[PDB]
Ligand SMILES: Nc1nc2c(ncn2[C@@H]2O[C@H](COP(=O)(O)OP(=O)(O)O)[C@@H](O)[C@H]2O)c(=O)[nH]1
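The chain below stands alone and is given in structure tokens; this is the form deposited without the ligand.
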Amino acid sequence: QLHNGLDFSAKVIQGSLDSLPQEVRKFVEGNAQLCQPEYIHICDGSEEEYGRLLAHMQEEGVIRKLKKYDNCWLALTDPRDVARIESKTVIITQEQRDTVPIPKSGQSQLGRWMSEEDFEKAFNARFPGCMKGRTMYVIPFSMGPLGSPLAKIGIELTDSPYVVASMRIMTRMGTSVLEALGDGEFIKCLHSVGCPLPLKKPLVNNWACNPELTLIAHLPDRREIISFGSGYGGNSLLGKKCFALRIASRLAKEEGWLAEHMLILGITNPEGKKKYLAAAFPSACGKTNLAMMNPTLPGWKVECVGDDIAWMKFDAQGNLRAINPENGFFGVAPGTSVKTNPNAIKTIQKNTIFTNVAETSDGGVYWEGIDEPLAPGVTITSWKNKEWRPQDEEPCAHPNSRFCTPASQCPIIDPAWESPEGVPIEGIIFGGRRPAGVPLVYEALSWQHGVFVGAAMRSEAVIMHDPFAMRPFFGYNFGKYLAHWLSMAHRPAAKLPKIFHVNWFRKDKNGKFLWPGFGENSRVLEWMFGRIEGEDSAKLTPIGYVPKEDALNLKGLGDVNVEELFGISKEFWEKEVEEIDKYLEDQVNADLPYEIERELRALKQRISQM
């Protein structure tokens, strides 16, 4: 430099620009030049850093300590900033069609593209000087076990201490990640709450955000994630959805692997034989519930590898190896009870950050569906910081409120949850909320049919399409994604996992659920287990294999309505197939793999013959 305006060394309050890898320093310094932070804090990932940052946020009123628990915290946000906003979530590529198929109707439900040109304008409208008066935190994080050949590293720059704290839980972060990275490639993650000081607008609930300018951008060819205006969850914790789904799915396409919205669980039978299963459900269908299920069948054990995302790659032996890229659970809080999820309740008792849940007068947490009586006299403060009663119109916790907890604390965390080589997947489970027509469980007829079943997934929010549970998350053209899945069948040695589809939520003719669910879902898993083992416990139907008469263990369940629960009606499925046909033609069109259209034609024909 000729002057003093490019070297940010004097601004570093922890760490050293001289200690960073070359490309890390350039990423850090270049963005400091643009965003103009008062300070640069290079995170070390220490407990000391963590505790002090927590106490600082506490003193500022950004978070509250929950006194009932061990080292637990509560953040209440500005009500404008409570969730991911897909309309403000975009992927930038040279051509639109690389990001999304071109829909015949004109409006895509499979993603949202922005031109390079439009993003540049948006970027320039947002980031210059955006961190004035704030600390820029530098988060070196690994997605996956540090030593895993399947793990990927990112650097996230942020002006939110809430993000730092949450990222510590959700990823492996700190000095060891920088040491592991060296001069290797990393995903560039830039985040700002978009409120430079002095504040131009009112600070609501001590929660910095810029709703009008909120934009969550992905530049896969630049390996960059750029997010502005939201401090919340999947908008700000850049490793989770942005990196481990959107960027990663593109990388996976390029490199021969898969990045998927799937839980990973290990299940052991009463004979000591263990299998790993993956399952993709929409974000309201019992995913965390299944991942840390407490099975009701004697002698069965379920252990949790991950509850949200899976990175999967065939090894030289042909086994589909999976890792959980995350280091914690960012779970939806309402609906979590000792009934629905006893192991979740146990996990979140300590070292856990809660966001937008209710607080009890004795320093505890509360939300809809917690199904836990309070002592008389104990009162509730809602997520809106106001007195609340169980009979009031509005809920005490926001529907998208969250716990943010360490994975290592789950009482049934799998002993291989951090194994570098990953765990061998033997089955993949798709599923949704369908009150009618769709059986409790069926098995895909082939890999190609299995990919179709994934592609055809629909779930009651109105029943909407959500293929592979990836609708908000495709890093690239969904048709190409289908092609990618299909190509797995053409590599020699590959042991293709059996594919199943589940529906826990089928109802009778008056609104009553047909299946008790929760821990009883172990009875369905047992069937899958046996089918993987090659047992003839199946009956052929037009939609795939279903359990034979008496194949399902229904002991202790009373009078289960088997005929309704597993009923398949021509009328319903004629409608179903036409709807899938119209959806795929519109939304995928020219990019629809031949094999998928073939499976569609085949299903239609099987239905026509019943």
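We number the residues from 1 along the sequence you see.
A second form of this protein, the form solved in complex with the ligand, is not displayed here; the remarks below concern that form.
Trainee: Determine whether any heavy atom of residue 433 comes within 4.5 Å of a heavy atom of the ligand in the deposited bound form, and answer yes or no.
Mentor: Yes.
Trainee: Can you tell me if residue 408 lies within 4.5 angstroms of the ligand in the deposited bound form, counting non-hydrogen atoms only?
Mentor: Output for residue 408 is no: heavy atoms all beyond 4.5 Å of the ligand.
Trainee: Can residue 498 be called a contact residue for the ligand in the deposited bound form at 4.5 Å between heavy atoms?
Mentor: It does not: once the ligand is placed as it appears in the deposited bound form, residue 498 has no heavy atom within 4.5 Å of it.
Trainee: At the 4.5 Å heavy atom threshold, is residue 527 in contact with the ligand in the deposited bound form?
Mentor: The answer is no: residue 527 has no heavy atom within 4.5 Å of the ligand.
Trainee: Can you work out whether the ligand is within 4.5 angstroms of a heavy atom in all three of 334, 504 and 513 in the deposited bound form?
Mentor: Judged in the deposited bound form, 334, 504 and 513 all sit within 4.5 Å of the ligand.
Trainee: Which listed residue (282, 424, 475, 266) meets the criterion of a heavy atom within 4.5 Å of the ligand in the deposited bound form?
Mentor: Comparing distances to the ligand in the deposited bound form, the residue within 4.5 Å is 282.
Trainee: Heavy atom within 4.5 Å of the ligand in the deposited bound form: which of 145, 161, 286, 174?
Mentor: Contact residue from the list: 286.
Trainee: Please name which of the stretches 110-118, 514-522, 184-192, 414-422 has residues with heavy atoms lying within 4.5 Å of the ligand in the deposited bound form.
Mentor: Flagged stretch: 514-522.
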